[PDB]
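The form solved without the named molecule is given below as one chain in structure tokens.
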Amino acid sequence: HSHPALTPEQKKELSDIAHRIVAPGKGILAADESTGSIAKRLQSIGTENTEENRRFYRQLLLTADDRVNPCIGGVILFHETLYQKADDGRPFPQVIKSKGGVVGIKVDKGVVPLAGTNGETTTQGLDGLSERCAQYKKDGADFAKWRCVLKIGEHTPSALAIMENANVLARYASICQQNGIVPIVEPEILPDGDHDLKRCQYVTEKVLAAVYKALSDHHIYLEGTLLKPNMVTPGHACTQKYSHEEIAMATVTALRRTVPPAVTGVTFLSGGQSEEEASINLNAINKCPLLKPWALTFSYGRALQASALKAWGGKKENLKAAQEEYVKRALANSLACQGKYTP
């Protein structure tokens, strides 16, 4: 017997938000760095960690030139950044919505170790998620993000890790879709270790298959979700070298065997890659001569803002220059969304 989890109006608004995010040529900026990760990033540049420094850095990211308006369709924020205001007086959700963006929020509470496994982790943050999601929906957040970690090792990932992460992702997506918030499912597979394209493709297919089976078990409206996978790439210690066409073929082949075409868009990770090779690989993925029935776009945390963070230096007078670097990367990644990129 069928009891509908969503009314057709809820399905319509979720599909409308999900189509607005991964619109052709647009992508996602991931400004969701928590205090420890952004503390390490501000320590690398050599500045102290203060609320004013983080607010100024996200001012540099969010208040850029108007040329990024058909570049960034969605912005993932922290919980703190939702309640911070710009110096003009507008709060950051209004700054995002003023120039055509969609406000997001990273809603997980970190990783917990799984007992009995070889360093496998699950994700935390399911308690109070309905009240928090209603509160973020009142504050302008229209989509969310949840990050699961899986690593390739000797016998890892086991069935327990993939099963638990798929169940937690489906529970998260159900709770988010009850409150009118488009969930972004992110089964990140770590590129650590030494493993070729074939094993990474195998693990990607198994993890994505268990994820979509768990999404089918929990009555998830697949047209109002987004997928956030990592590109099928060799490990860091792998000695064999692969062309970008082989990486793109492995990624599109691992995606086409699992992902149903009702899913609205696919937003790739950077995943420890360089700033230029991520756009090169995304341009190669969008140039693969297969039939890809979804949006292939970017959700880059480091690969959008690393050059801007370097050219900033913690000094205010460098601002525009740093912003210009960011704008450059955004423009490049927009062409990487369309297959029209060339370096």
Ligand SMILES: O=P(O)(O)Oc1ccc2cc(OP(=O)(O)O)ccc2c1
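In this text, residue numbers run from 1 along the sequence as written.
There is another form of this protein, the form solved in complex with the named molecule, and it is not shown here; the text below is about that form.
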What is the one choice in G271, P234, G73, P157 with a heavy atom within 4.5 Å of the named molecule in the bound PDB entry? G271
Between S37, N49, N318, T63, only one gets a heavy atom within 4.5 angstroms of the named molecule in the bound PDB entry; which residue is that? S37
Which single stretch, out of 257-265, 196-204, 145-153, 97-105, brings residue heavy atoms within 4.5 Å of the named molecule in the bound PDB entry? 145-153
Heavy atoms within 4.5 Å of the named molecule in the bound PDB entry: does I285 have any? no
Evaluate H218 for contact with the named molecule in the bound PDB entry, applying a 4.5 angstroms cut-off between non-hydrogen atoms, and reply yes or no. no
I'd like to check something about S279: if you look in the bound PDB entry, is any of its heavy atoms closer than or equal to 4.5 Å to a heavy atom of the named molecule? no
Please run the contact check for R54 against the named molecule in the bound PDB entry: heavy atoms, 4.5 angstroms, yes or no? no
Given a 4.5 Å distance limit between heavy atoms, list every residue of 25-58 close to the named molecule in the bound PDB entry, or none if there are none. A30, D32, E33, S34, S37
